[PDB]
Structure formats: structure tokens, C-alpha cells
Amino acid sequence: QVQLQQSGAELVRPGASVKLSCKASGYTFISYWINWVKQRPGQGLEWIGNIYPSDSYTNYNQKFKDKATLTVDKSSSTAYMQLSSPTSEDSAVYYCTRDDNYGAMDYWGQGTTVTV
């Protein structure tokens, strides 16, 4: 049972960094693209980017590339996302989702509230 489960809620003081995690199981992690998605109320969902885990080959939404870092620990099958200095707006829910091999996301994490 393919399962992505993310870390707990975060409260972060403005500008301090925060690293989110997403432990993958049920499949061979290094073989699927992991993405990261965000949603604030009223906005739709926005894509942060993806990474392919056997090579950390990373694709970034041009809007997020300045603000977030996607990283993976192959060994422990954990996908990571850090935000380097969160401002007020980055208070949202962040979603790790696995890529189905097409570009759609077939499994999802529970989500992480990051309260800046």
C-alpha cells in the first residue's frame, strides 16, 4: 500500500527556515517523481516542483525556485522540501504527491500546515 505520509504542523517565526519531510512506502521510491503542492484558502493549488529520486534531477515552478529546495534521502525514502525564509503568505498546507508516470498524481500525503 503506496503511502506518503508527511510531517506535522509547523509554526515558524518569519524568515526562520522550516524543512518538511514525506516518508514514502509501499513502492520503490527512487523510481517515481515526487512533487510538492501548496494550497492556501481561496487560491487554487499551486505546484512547487518535482524531483526524480535516483538522481535528484529537479524541476522548479519559476515562481517557487527562489523560495524552496527539494531534496531526497534515497536510503531512508524521505522526500524533503525546505523554505529558506518563509514570509506570511507561505502559511498554507503543503502536499507531497507521487507522479503516476504521466504527470497526474495518484497518491497524496496527508498535508502539512505551516503557520508562519
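Position 1 is the first residue in the sequence shown; the rest follow in order.
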Which of 67-75 and 28-36 has higher mean CA B factor, as the PDB entry lists it
67-75
Between 92-100 and 12-20 (mean CA B-factor, as deposited), the higher:
12-20
Using only modelled residues of the chain, where does the Cα B factor of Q3 rank: lowest third, middle third or highest third?
highest
Pull the Cα B-factor of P86 out of the PDB entry and bin it into the chain's lowest, middle or highest third.
highest
Lowest, middle or highest third of the chain for the C-alpha temperature factor of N50?
lowest
Could you place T58 in the lowest, middle or highest third of its chain by Cα temperature factor, using the values in the record?
lowest
